[PDB]
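*Asks:* start-v5.pdb is reproduced below (PDB, C-alpha atoms and all ligand atoms).
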ATOM      1  CA  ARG A   1      69.538  91.048  90.007
ATOM      2  CA  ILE A   2      67.037  93.120  91.960
ATOM      3  CA  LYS A   3      66.640  96.869  91.712
ATOM      4  CA  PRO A   4      65.190  98.233  94.961
ATOM      5  CA  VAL A   5      63.365 101.451  95.771
ATOM      6  CA  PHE A   6      65.410 102.680  98.761
ATOM      7  CA  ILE A   7      63.327 105.020 100.862
ATOM      8  CA  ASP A   8      65.262 107.187 103.301
ATOM      9  CA  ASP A   9      65.116 106.431 107.002
ATOM     10  CA  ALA A  10      65.902 107.458 110.526
ATOM     11  CA  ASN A  11      67.514 104.994 112.943
ATOM     12  CA  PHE A  12      69.625 104.263 109.898
ATOM     13  CA  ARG A  13      71.073 107.439 108.507
ATOM     14  CA  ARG A  14      70.994 106.029 104.977
ATOM     15  CA  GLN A  15      68.624 104.835 102.293
ATOM     16  CA  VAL A  16      67.169 101.504 103.265
ATOM     17  CA  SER A  17      64.667  99.054 101.809
ATOM     18  CA  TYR A  18      62.501  96.933 104.084
ATOM     19  CA  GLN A  19      61.432  94.708 101.184
ATOM     20  CA  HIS A  20      64.347  92.298 100.893
ATOM     21  CA  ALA A  21      67.806  91.581 102.210
ATOM     22  CA  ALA A  22      71.086  92.735 100.730
ATOM     23  CA  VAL A  23      73.968  90.360 100.104
ATOM     24  CA  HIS A  24      77.663  91.141 100.446
ATOM     25  CA  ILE A  25      80.220  88.917  98.723
ATOM     26  CA  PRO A  26      83.925  89.687  99.173
ATOM     27  CA  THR A  27      85.522  91.213  96.122
ATOM     28  CA  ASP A  28      87.826  88.306  95.321
ATOM     29  CA  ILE A  29      85.107  85.673  95.714
ATOM     30  CA  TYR A  30      83.400  85.000  92.422
ATOM     31  CA  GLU A  31      79.646  84.872  92.778
ATOM     32  CA  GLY A  32      78.590  82.405  90.195
ATOM     33  CA  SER A  33      80.445  79.705  92.010
ATOM     34  CA  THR A  34      78.495  76.601  92.834
ATOM     35  CA  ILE A  35      79.208  77.174  96.521
ATOM     36  CA  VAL A  36      77.923  80.749  96.399
ATOM     37  CA  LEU A  37      74.847  80.018  94.303
ATOM     38  CA  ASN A  38      73.859  77.125  96.505
ATOM     39  CA  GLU A  39      74.100  79.612  99.381
ATOM     40  CA  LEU A  40      71.984  82.380  97.917
ATOM     41  CA  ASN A  41      69.394  79.707  97.190
ATOM     42  CA  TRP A  42      68.724  78.508 100.723
ATOM     43  CA  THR A  43      69.475  81.753 102.495
ATOM     44  CA  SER A  44      66.507  83.142 100.602
ATOM     45  CA  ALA A  45      64.211  81.776 103.296
ATOM     46  CA  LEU A  46      65.770  84.113 105.856
ATOM     47  CA  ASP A  47      64.032  87.225 104.561
ATOM     48  CA  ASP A  48      60.747  86.214 106.142
ATOM     49  CA  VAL A  49      62.246  85.908 109.621
ATOM     50  CA  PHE A  50      64.161  89.139 109.055
ATOM     51  CA  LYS A  51      60.835  90.768 108.249
ATOM     52  CA  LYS A  52      59.033  89.229 111.219
ATOM     53  CA  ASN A  53      61.781  90.217 113.650
ATOM     54  CA  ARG A  54      61.576  93.775 112.410
ATOM     55  CA  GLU A  55      57.779  93.715 112.483
ATOM     56  CA  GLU A  56      57.684  92.708 116.150
ATOM     57  CA  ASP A  57      60.388  95.169 117.299
ATOM     58  CA  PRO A  58      60.374  98.235 115.028
ATOM     59  CA  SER A  59      63.394  99.615 116.917
ATOM     60  CA  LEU A  60      65.748  96.989 115.482
ATOM     61  CA  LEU A  61      68.974  97.783 113.640
ATOM     62  CA  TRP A  62      70.902  95.500 111.226
ATOM     63  CA  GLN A  63      70.229  91.771 111.300
ATOM     64  CA  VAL A  64      72.903  89.731 109.562
ATOM     65  CA  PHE A  65      73.778  86.151 108.689
ATOM     66  CA  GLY A  66      77.489  85.786 108.072
ATOM     67  CA  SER A  67      78.223  82.645 106.129
ATOM     68  CA  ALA A  68      81.250  80.434 106.261
ATOM     69  CA  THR A  69      81.523  80.878 102.496
ATOM     70  CA  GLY A  70      82.145  84.612 102.853
ATOM     71  CA  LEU A  71      78.622  85.843 102.232
ATOM     72  CA  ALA A  72      76.783  88.262 104.465
ATOM     73  CA  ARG A  73      73.027  88.575 104.105
ATOM     74  CA  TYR A  74      71.711  91.543 106.052
ATOM     75  CA  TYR A  75      68.408  93.276 106.581
ATOM     76  CA  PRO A  76      67.224  95.815 105.739
ATOM     77  CA  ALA A  77      68.784  96.143 102.307
ATOM     78  CA  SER A  78      71.056  99.106 101.798
ATOM     79  CA  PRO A  79      73.829  99.833  99.303
ATOM     80  CA  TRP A  80      77.297  99.089 100.599
ATOM     81  CA  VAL A  81      79.586 101.902 101.672
ATOM     82  CA  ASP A  82      82.430 100.982  99.283
ATOM     83  CA  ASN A  83      82.190  99.295  95.908
ATOM     84  CA  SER A  84      85.330  97.600  94.592
ATOM     85  CA  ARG A  85      85.380  99.131  91.104
ATOM     86  CA  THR A  86      82.747 101.885  91.229
ATOM     87  CA  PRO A  87      85.188 104.507  92.592
ATOM     88  CA  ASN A  88      88.862 103.721  93.219
ATOM     89  CA  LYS A  89      88.872 102.350  96.759
ATOM     90  CA  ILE A  90      88.627  98.566  96.898
ATOM     91  CA  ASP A  91      86.554  97.366  99.827
ATOM     92  CA  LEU A  92      88.215  94.681 101.915
ATOM     93  CA  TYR A  93      85.447  93.339 104.101
ATOM     94  CA  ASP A  94      85.104  89.636 104.816
ATOM     95  CA  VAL A  95      82.644  88.440 107.422
ATOM     96  CA  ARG A  96      84.997  85.784 108.616
TER      97      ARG A  96
ATOM     98  CA  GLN B   1      83.847 108.912 121.665
ATOM     99  CA  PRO B   2      83.260 107.383 118.224
ATOM    100  CA  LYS B   3      86.900 107.487 117.297
ATOM    101  CA  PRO B   4      89.409 104.630 117.225
ATOM    102  CA  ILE B   5      91.769 103.977 120.095
ATOM    103  CA  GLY B   6      95.247 105.225 119.353
ATOM    104  CA  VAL B   7      98.367 103.188 120.008
ATOM    105  CA  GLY B   8     101.808 104.747 120.103
ATOM    106  CA  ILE B   9     102.903 107.738 118.030
ATOM    107  CA  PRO B  10     101.686 107.843 114.414
ATOM    108  CA  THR B  11     104.433 108.006 111.791
ATOM    109  CA  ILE B  12     104.233 107.315 108.050
ATOM    110  CA  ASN B  13     106.727 107.517 105.189
ATOM    111  CA  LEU B  14     105.480 110.109 102.709
ATOM    112  CA  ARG B  15     108.107 109.197 100.129
ATOM    113  CA  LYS B  16     106.729 105.667  99.656
ATOM    114  CA  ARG B  17     103.001 106.206  99.030
ATOM    115  CA  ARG B  18     101.535 105.619  95.591
ATOM    116  CA  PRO B  19      98.627 108.016  95.033
ATOM    117  CA  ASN B  20      95.915 105.532  94.031
ATOM    118  CA  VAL B  21      96.393 102.179  95.787
ATOM    119  CA  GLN B  22      93.654 102.212  98.474
ATOM    120  CA  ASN B  23      95.281 101.956 101.889
ATOM    121  CA  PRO B  24      93.597  99.633 104.428
ATOM    122  CA  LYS B  25      91.766 101.354 107.273
ATOM    123  CA  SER B  26      90.911  99.520 110.509
ATOM    124  CA  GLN B  27      89.223  96.589 112.181
ATOM    125  CA  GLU B  28      89.742  97.161 115.873
ATOM    126  CA  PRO B  29      87.150  97.862 118.551
ATOM    127  CA  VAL B  30      86.857 100.880 120.796
ATOM    128  CA  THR B  31      88.126  99.144 123.926
ATOM    129  CA  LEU B  32      88.586 101.866 126.529
ATOM    130  CA  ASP B  33      89.245 100.658 130.040
ATOM    131  CA  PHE B  34      87.374 102.237 132.903
ATOM    132  CA  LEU B  35      90.524 103.557 134.540
ATOM    133  CA  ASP B  36      91.571 105.267 131.289
ATOM    134  CA  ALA B  37      88.297 107.162 130.929
ATOM    135  CA  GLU B  38      88.504 108.913 134.310
ATOM    136  CA  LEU B  39      91.114 110.060 136.778
ATOM    137  CA  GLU B  40      92.220 107.107 138.859
ATOM    138  CA  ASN B  41      92.380 106.890 142.650
ATOM    139  CA  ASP B  42      92.921 103.834 144.800
ATOM    140  CA  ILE B  43      89.189 103.779 145.537
ATOM    141  CA  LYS B  44      88.138 103.618 141.905
ATOM    142  CA  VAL B  45      90.326 100.564 141.400
ATOM    143  CA  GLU B  46      88.537  98.685 144.140
ATOM    144  CA  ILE B  47      85.137  99.887 142.905
ATOM    145  CA  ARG B  48      86.070  98.564 139.454
TER     146      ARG B  48
ATOM    147  CA  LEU C   1     147.838  80.579  69.593
ATOM    148  CA  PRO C   2     146.740  81.505  66.038
ATOM    149  CA  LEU C   3     144.051  83.540  67.816
ATOM    150  CA  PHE C   4     146.624  85.853  69.373
ATOM    151  CA  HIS C   5     145.871  88.562  66.809
ATOM    152  CA  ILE C   6     142.086  88.392  66.948
ATOM    153  CA  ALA C   7     142.240  88.633  70.722
ATOM    154  CA  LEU C   8     144.597  91.614  70.544
ATOM    155  CA  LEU C   9     142.065  93.196  68.190
ATOM    156  CA  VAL C  10     138.838  92.517  70.077
ATOM    157  CA  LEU C  11     140.580  93.835  73.161
ATOM    158  CA  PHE C  12     141.684  97.120  71.615
ATOM    159  CA  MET C  13     138.275  97.571  70.002
ATOM    160  CA  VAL C  14     136.360  97.047  73.232
ATOM    161  CA  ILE C  15     138.742  99.546  74.821
ATOM    162  CA  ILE C  16     138.106 102.147  72.108
ATOM    163  CA  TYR C  17     134.347 101.760  72.346
ATOM    164  CA  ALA C  18     134.460 101.936  76.127
ATOM    165  CA  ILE C  19     136.438 105.178  75.947
ATOM    166  CA  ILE C  20     134.079 106.626  73.334
ATOM    167  CA  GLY C  21     130.960 105.785  75.303
ATOM    168  CA  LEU C  22     132.646 107.091  78.418
ATOM    169  CA  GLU C  23     132.825 110.451  76.713
ATOM    170  CA  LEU C  24     129.466 110.787  74.995
ATOM    171  CA  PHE C  25     127.276 109.078  77.585
ATOM    172  CA  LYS C  26     128.984 109.662  80.937
ATOM    173  CA  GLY C  27     126.382 110.691  83.479
ATOM    174  CA  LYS C  28     123.329 111.145  81.275
ATOM    175  CA  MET C  29     121.140 108.304  82.537
ATOM    176  CA  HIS C  30     120.469 109.387  86.132
ATOM    177  CA  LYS C  31     117.122 111.139  85.603
ATOM    178  CA  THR C  32     113.834 109.259  85.593
ATOM    179  CA  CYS C  33     110.214 109.951  86.440
ATOM    180  CA  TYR C  34     108.897 109.400  89.894
ATOM    181  CA  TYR C  35     105.469 110.194  91.213
ATOM    182  CA  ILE C  36     105.453 113.836  92.306
ATOM    183  CA  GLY C  37     106.742 114.075  95.859
ATOM    184  CA  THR C  38     107.659 110.397  96.278
ATOM    185  CA  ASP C  39     110.592 108.083  95.658
ATOM    186  CA  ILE C  40     108.470 105.597  93.719
ATOM    187  CA  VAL C  41     109.567 105.179  90.104
ATOM    188  CA  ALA C  42     106.619 105.581  87.744
ATOM    189  CA  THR C  43     106.395 102.848  85.107
ATOM    190  CA  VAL C  44     103.716 100.985  83.167
ATOM    191  CA  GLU C  45     102.471  97.378  82.894
ATOM    192  CA  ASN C  46     105.509  95.713  81.292
ATOM    193  CA  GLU C  47     107.847  98.682  81.051
ATOM    194  CA  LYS C  48     111.196  98.650  82.738
TER     195      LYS C  48
ATOM    196  CA  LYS D   1      93.138  79.336  90.488
ATOM    197  CA  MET D   2      93.802  76.110  88.633
ATOM    198  CA  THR D   3      90.806  75.416  86.387
ATOM    199  CA  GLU D   4      88.856  77.643  84.054
ATOM    200  CA  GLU D   5      85.641  77.620  86.062
ATOM    201  CA  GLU D   6      87.599  78.986  89.023
ATOM    202  CA  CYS D   7      89.510  81.659  87.097
ATOM    203  CA  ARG D   8      86.593  84.096  87.085
ATOM    204  CA  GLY D   9      85.935  87.288  88.960
ATOM    205  CA  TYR D  10      88.425  89.832  90.248
ATOM    206  CA  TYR D  11      91.579  89.543  92.295
ATOM    207  CA  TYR D  12      94.185  91.730  93.954
ATOM    208  CA  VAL D  13      97.638  92.542  92.665
ATOM    209  CA  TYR D  14     100.121  94.104  95.059
ATOM    210  CA  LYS D  15     102.393  96.838  93.752
ATOM    211  CA  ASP D  16     106.053  96.081  94.436
ATOM    212  CA  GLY D  17     105.027  93.254  96.743
ATOM    213  CA  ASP D  18     103.574  95.564  99.376
ATOM    214  CA  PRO D  19     100.445  94.140 101.028
ATOM    215  CA  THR D  20      99.135  97.628 101.821
ATOM    216  CA  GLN D  21      99.065  98.844  98.206
ATOM    217  CA  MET D  22      96.661  96.683  96.225
ATOM    218  CA  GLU D  23      94.557  97.067  93.117
ATOM    219  CA  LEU D  24      91.786  95.116  91.423
ATOM    220  CA  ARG D  25      92.206  93.175  88.205
ATOM    221  CA  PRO D  26      89.793  90.843  86.429
ATOM    222  CA  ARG D  27      91.116  87.321  86.388
ATOM    223  CA  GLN D  28      91.163  85.583  83.024
ATOM    224  CA  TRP D  29      92.121  82.159  81.674
ATOM    225  CA  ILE D  30      95.025  82.881  79.332
ATOM    226  CA  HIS D  31      96.727  80.725  76.713
ATOM    227  CA  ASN D  32     100.434  80.887  76.082
ATOM    228  CA  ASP D  33     101.325  82.604  72.837
ATOM    229  CA  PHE D  34     103.552  79.704  71.794
ATOM    230  CA  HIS D  35     101.926  76.393  72.684
ATOM    231  CA  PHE D  36     101.820  72.756  71.550
ATOM    232  CA  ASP D  37      98.156  72.157  70.856
ATOM    233  CA  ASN D  38      98.412  71.117  67.200
ATOM    234  CA  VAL D  39     101.407  70.288  65.040
ATOM    235  CA  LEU D  40     101.513  73.651  63.312
ATOM    236  CA  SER D  41     101.626  75.427  66.655
ATOM    237  CA  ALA D  42     104.217  73.031  68.014
ATOM    238  CA  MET D  43     106.336  73.581  64.910
ATOM    239  CA  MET D  44     106.084  77.335  65.444
ATOM    240  CA  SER D  45     107.068  77.030  69.106
ATOM    241  CA  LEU D  46     110.027  74.831  68.251
ATOM    242  CA  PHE D  47     111.077  77.213  65.479
ATOM    243  CA  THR D  48     111.301  80.004  68.008
TER     244      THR D  48
HETATM  245  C1  LIG E 101     108.663  66.374  55.711
HETATM  246  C2  LIG E 101     107.802  67.420  55.036
HETATM  247  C3  LIG E 101     108.404  67.863  53.707
HETATM  248  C4  LIG E 101     107.790  69.174  53.223
HETATM  249  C5  LIG E 101     108.703  70.354  53.533
HETATM  250  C6  LIG E 101     108.285  71.609  52.774
HETATM  251  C7  LIG E 101     109.359  72.689  52.864
HETATM  252  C8  LIG E 101     109.286  73.435  54.193
HETATM  253  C9  LIG E 101     110.427  74.437  54.340
HETATM  254  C10 LIG E 101     109.971  75.681  55.097
HETATM  255  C11 LIG E 101     110.502  75.689  56.526
HETATM  256  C12 LIG E 101     109.366  75.813  57.535
HETATM  257  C13 LIG E 101     109.897  75.853  58.964
HETATM  258  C14 LIG E 101     109.310  77.029  59.732
HETATM  259  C15 LIG E 101     108.554  76.559  60.970
HETATM  260  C16 LIG E 101     107.060  76.454  60.692
HETATM  261  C17 LIG E 101     106.312  77.672  61.214
HETATM  262  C18 LIG E 101     104.836  77.361  61.244
HETATM  263  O1  LIG E 101     104.412  76.325  60.767
HETATM  264  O2  LIG E 101     103.898  78.294  61.842
HETATM  265  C19 LIG E 101     102.503  78.152  61.595
HETATM  266  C20 LIG E 101     101.758  79.301  62.256
HETATM  267  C21 LIG E 101     100.922  78.751  63.402
HETATM  268  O3  LIG E 101     101.225  79.464  64.594
HETATM  269  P1  LIG E 101     100.161  79.523  65.794
HETATM  270  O4  LIG E 101     100.895  79.920  67.050
HETATM  271  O5  LIG E 101      99.355  78.250  65.759
HETATM  272  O6  LIG E 101      99.198  80.736  65.357
HETATM  273  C22 LIG E 101      97.931  80.931  65.981
HETATM  274  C23 LIG E 101      97.246  82.155  65.383
HETATM  275  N1  LIG E 101      97.336  82.115  63.899
HETATM  276  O7  LIG E 101     100.876  79.903  61.315
HETATM  277  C24 LIG E 101     101.554  80.634  60.257
HETATM  278  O8  LIG E 101     100.899  81.384  59.556
HETATM  279  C25 LIG E 101     103.033  80.474  60.020
HETATM  280  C26 LIG E 101     103.333  80.737  58.551
HETATM  281  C27 LIG E 101     104.584  79.986  58.118
HETATM  282  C28 LIG E 101     105.471  80.842  57.225
HETATM  283  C29 LIG E 101     106.693  80.050  56.780
HETATM  284  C30 LIG E 101     107.465  80.791  55.696
HETATM  285  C31 LIG E 101     108.870  80.220  55.559
HETATM  286  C32 LIG E 101     109.470  80.561  54.203
HETATM  287  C33 LIG E 101     110.959  80.248  54.175
HETATM  288  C34 LIG E 101     111.657  81.025  53.069
HETATM  289  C35 LIG E 101     113.048  81.458  53.507
HETATM  290  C36 LIG E 101     113.991  80.264  53.568
HETATM  291  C37 LIG E 101     115.093  80.391  52.526
HETATM  292  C38 LIG E 101     116.076  79.234  52.634
HETATM  293  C39 LIG E 101     116.588  79.092  54.061
HETATM  294  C40 LIG E 101     117.968  78.451  54.072
HETATM  295  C41 LIG E 101     118.144  77.543  52.876
END
Written as structure tokens, that's how I'd like the structure from this file.
*Replies:*
Amino acid sequence: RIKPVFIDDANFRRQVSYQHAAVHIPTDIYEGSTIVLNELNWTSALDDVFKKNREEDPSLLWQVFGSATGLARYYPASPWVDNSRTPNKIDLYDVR
Amino acid sequence: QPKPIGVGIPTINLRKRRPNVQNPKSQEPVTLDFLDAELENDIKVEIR
Amino acid sequence: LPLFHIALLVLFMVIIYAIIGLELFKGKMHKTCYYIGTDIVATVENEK
Amino acid sequence: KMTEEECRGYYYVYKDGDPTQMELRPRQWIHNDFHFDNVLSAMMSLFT
């Protein structure tokens, strides 16, 4: 895992980290799968284009890659709105 | 406006709602036609 | 046919126990716990 | 989920078979309490 620093921002009214991308995996998709781990391995080369896109157009909002395995890798990183077990409201978001 | 588009009349059954089961919310877009955002003549239809 | 007296006994014993339980238990098992303000019956994992 | 490598993570259970009232449970690979893996266990299962 990665623990980010999460400065606060305008143009996103939330705490956002321009260092890396965040990854969303649907709640009922085990990460740890061989499909999922082979995905987080090659999608790791996206963060440099995410960073370059944002460096050339500082007025950019979310940039996302939605995978056909259920993953969503977005930039900039930012904690999700709903965690499945943190509170009591299960998040039902699937990119597909 | 930033609110969802409403369809029909909203009615729920309050005697069949567990307190802690996390209702689903929404996935629809805010699709508001042009003739439902203003008052509609015959000229606005042909402009549209 | 030798079982004509055991049948006549099981019958009149089931009748007596039905009449006794009809007197001590009639109408006592109609309350249960629901969630407050709902018609959902509130049980546990493998409770009935 | 059919094999043990798959039966990992969380999953949804629906209360009273209602798709709009779900809750999260961890999924786990469970063994039956009475099984036939060795002869002592099979003898116990057949005793019951
Ligand atoms: C051909 C061979 C000849 C040799 C024969 C010897 C005589 C045998 C006569 C006894 C009859 C035994 C039949 C009972 C079925 C066997 C039950 C058994 O084996 O269970 C083993 C049990 C394993 O269960 P498992 O699910 O694997 O547990 C996992 C977590 N521990 O793990 C256990 O701990 C179970 C403990 C078993 C306790 C058995 C006690 C029985 C005592 C009987 C006395 C009462 C009978 C009196 C007379 C009856 C009528 C005449």
*Asks:* Find the residues in chain C near chain B: any atom within 7 Å counts, using only C-alpha atoms. Write them as a VMD selection string.
*Replies:* chain C and resid 37 to 40
*Asks:* Need to verify the contact set: residue 25 (chain D), 9 Å, only C-alpha atoms, exclusion of same-chain residues closer than 6 positions in sequence. Can you return it as a ChimeraX atom specification?
*Replies:* /D:9-13
*Asks:* Report as an MDAnalysis selection string which protein, DNA and RNA residues come within 7 Å of ligand LIG 101 (chain E), using all atoms listed in the file.
*Replies:* chainID D and resid 33:35 40:41 43:44 47
*Asks:* Identify every residue of chain B that has at least one atom within 8 Å of any atom of chain A, counting only C-alpha atoms, and report the result as an MDAnalysis selection string.
*Replies:* chainID B and resid 20:22 24
*Asks:* Select, from D:30, D:21, D:36, D:46, the residue with the minimum atom-to-atom distance to chain B, counting only C-alpha atoms.
*Replies:*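 That would be D:21, the residue with the smallest distance to chain B.
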*Asks:* Record the distance separating CA of residue 22 (chain C) and CA of residue 48 (chain C), expressed in Å with one decimal.
*Replies:*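 Going from CA of residue 22 (chain C) over to CA of residue 48 (chain C) covers 23.5 Å.
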*Asks:* Give as a list in words every residue of chain D that touches chain B within 7 Å, counting only C-alpha atoms.
*Replies:* residues 20, 21, 22 and 23 of chain D
*Asks:* Just to confirm, what's the straight-line distance from CA of residue 30 (chain B) to CA of residue 9 (chain B) in Å (one decimal)?
*Replies:*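 Value for the CA of residue 30 (chain B)-CA of residue 9 (chain B) distance: 17.7 Å.
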*Asks:* What are the closest atom pairs, with distances in Å to one decimal, for each residue of chain A lying within 9 Å of chain D, using all atoms listed in the file, rows by chain and rising residue number, as CSV?
*Replies:*
residue,atom,partner,partner_atom,distance
A:27,CA,D:10,CA,6.7
A:28,CA,D:11,CA,5.0
A:29,CA,D:9,CA,7.0
A:30,CA,D:9,CA,4.9
A:31,CA,D:9,CA,7.7
A:32,CA,D:8,CA,8.8
A:33,CA,D:6,CA,7.8
A:84,CA,D:24,CA,7.6
A:85,CA,D:24,CA,7.6
A:88,CA,D:23,CA,8.8
A:89,CA,D:23,CA,8.6
A:90,CA,D:23,CA,7.2
*Asks:* Restore N, CA and C atoms in region 20-45 of chain A and list the result as a PDB file, in the coordinates of the input.
*Replies:*
ATOM      1  N   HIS A  20      63.529  93.485 101.024  1.00  0.00           N
ATOM      2  CA  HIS A  20      64.347  92.298 100.893  1.00  0.00           C
ATOM      3  C   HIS A  20      65.651  92.523 101.628  1.00  0.00           C
ATOM      4  N   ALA A  21      66.498  91.517 101.599  1.00  0.00           N
ATOM      5  CA  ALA A  21      67.806  91.581 102.210  1.00  0.00           C
ATOM      6  C   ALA A  21      68.847  91.886 101.156  1.00  0.00           C
ATOM      7  N   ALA A  22      69.936  92.503 101.581  1.00  0.00           N
ATOM      8  CA  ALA A  22      71.086  92.735 100.730  1.00  0.00           C
ATOM      9  C   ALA A  22      72.126  91.674 101.004  1.00  0.00           C
ATOM     10  N   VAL A  23      72.954  91.397 100.011  1.00  0.00           N
ATOM     11  CA  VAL A  23      73.968  90.360 100.104  1.00  0.00           C
ATOM     12  C   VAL A  23      75.314  90.978  99.805  1.00  0.00           C
ATOM     13  N   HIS A  24      76.286  90.738 100.670  1.00  0.00           N
ATOM     14  CA  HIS A  24      77.663  91.141 100.446  1.00  0.00           C
ATOM     15  C   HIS A  24      78.496  89.908 100.163  1.00  0.00           C
ATOM     16  N   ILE A  25      79.286  89.965  99.099  1.00  0.00           N
ATOM     17  CA  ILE A  25      80.220  88.917  98.723  1.00  0.00           C
ATOM     18  C   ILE A  25      81.574  89.591  98.635  1.00  0.00           C
ATOM     19  N   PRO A  26      82.611  89.066  99.274  1.00  0.00           N
ATOM     20  CA  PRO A  26      83.925  89.687  99.173  1.00  0.00           C
ATOM     21  C   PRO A  26      84.350  89.851  97.727  1.00  0.00           C
ATOM     22  N   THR A  27      85.233  90.811  97.490  1.00  0.00           N
ATOM     23  CA  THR A  27      85.522  91.213  96.122  1.00  0.00           C
ATOM     24  C   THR A  27      86.200  90.101  95.342  1.00  0.00           C
ATOM     25  N   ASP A  28      87.103  89.373  95.978  1.00  0.00           N
ATOM     26  CA  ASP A  28      87.826  88.306  95.321  1.00  0.00           C
ATOM     27  C   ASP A  28      87.174  86.949  95.503  1.00  0.00           C
ATOM     28  N   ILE A  29      85.872  86.908  95.727  1.00  0.00           N
ATOM     29  CA  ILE A  29      85.107  85.673  95.714  1.00  0.00           C
ATOM     30  C   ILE A  29      84.125  85.796  94.574  1.00  0.00           C
ATOM     31  N   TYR A  30      84.334  85.015  93.527  1.00  0.00           N
ATOM     32  CA  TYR A  30      83.400  85.000  92.422  1.00  0.00           C
ATOM     33  C   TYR A  30      82.043  84.527  92.899  1.00  0.00           C
ATOM     34  N   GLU A  31      81.019  85.330  92.657  1.00  0.00           N
ATOM     35  CA  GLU A  31      79.646  84.872  92.778  1.00  0.00           C
ATOM     36  C   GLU A  31      79.269  84.294  91.429  1.00  0.00           C
ATOM     37  N   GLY A  32      78.649  83.142  91.430  1.00  0.00           N
ATOM     38  CA  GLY A  32      78.590  82.405  90.195  1.00  0.00           C
ATOM     39  C   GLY A  32      79.193  81.054  90.452  1.00  0.00           C
ATOM     40  N   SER A  33      79.977  80.973  91.515  1.00  0.00           N
ATOM     41  CA  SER A  33      80.445  79.705  92.010  1.00  0.00           C
ATOM     42  C   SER A  33      79.255  78.804  92.280  1.00  0.00           C
ATOM     43  N   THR A  34      79.517  77.514  92.374  1.00  0.00           N
ATOM     44  CA  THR A  34      78.495  76.601  92.834  1.00  0.00           C
ATOM     45  C   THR A  34      78.306  76.660  94.337  1.00  0.00           C
ATOM     46  N   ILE A  35      79.356  76.972  95.087  1.00  0.00           N
ATOM     47  CA  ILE A  35      79.208  77.174  96.521  1.00  0.00           C
ATOM     48  C   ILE A  35      78.351  78.388  96.810  1.00  0.00           C
ATOM     49  N   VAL A  36      78.619  79.501  96.138  1.00  0.00           N
ATOM     50  CA  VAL A  36      77.923  80.749  96.399  1.00  0.00           C
ATOM     51  C   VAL A  36      76.477  80.671  95.955  1.00  0.00           C
ATOM     52  N   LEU A  37      76.211  80.063  94.805  1.00  0.00           N
ATOM     53  CA  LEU A  37      74.847  80.018  94.303  1.00  0.00           C
ATOM     54  C   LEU A  37      73.996  79.032  95.073  1.00  0.00           C
ATOM     55  N   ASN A  38      74.590  77.983  95.598  1.00  0.00           N
ATOM     56  CA  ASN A  38      73.859  77.125  96.505  1.00  0.00           C
ATOM     57  C   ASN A  38      73.598  77.774  97.845  1.00  0.00           C
ATOM     58  N   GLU A  39      74.305  78.847  98.165  1.00  0.00           N
ATOM     59  CA  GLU A  39      74.100  79.612  99.381  1.00  0.00           C
ATOM     60  C   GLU A  39      73.011  80.652  99.233  1.00  0.00           C
ATOM     61  N   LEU A  40      73.037  81.417  98.151  1.00  0.00           N
ATOM     62  CA  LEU A  40      71.984  82.380  97.917  1.00  0.00           C
ATOM     63  C   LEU A  40      70.652  81.717  97.648  1.00  0.00           C
ATOM     64  N   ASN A  41      70.638  80.409  97.442  1.00  0.00           N
ATOM     65  CA  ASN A  41      69.394  79.707  97.190  1.00  0.00           C
ATOM     66  C   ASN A  41      68.690  79.353  98.493  1.00  0.00           C
ATOM     67  N   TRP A  42      69.415  78.836  99.484  1.00  0.00           N
ATOM     68  CA  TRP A  42      68.724  78.508 100.723  1.00  0.00           C
ATOM     69  C   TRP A  42      68.707  79.654 101.710  1.00  0.00           C
ATOM     70  N   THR A  43      69.618  80.614 101.606  1.00  0.00           N
ATOM     71  CA  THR A  43      69.475  81.753 102.495  1.00  0.00           C
ATOM     72  C   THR A  43      68.341  82.654 102.098  1.00  0.00           C
ATOM     73  N   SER A  44      67.621  82.327 101.037  1.00  0.00           N
ATOM     74  CA  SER A  44      66.507  83.142 100.602  1.00  0.00           C
ATOM     75  C   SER A  44      65.308  82.996 101.503  1.00  0.00           C
ATOM     76  N   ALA A  45      65.276  81.967 102.334  1.00  0.00           N
ATOM     77  CA  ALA A  45      64.211  81.776 103.296  1.00  0.00           C
ATOM     78  C   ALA A  45      64.445  82.525 104.589  1.00  0.00           C
TER      79      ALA A  45
END
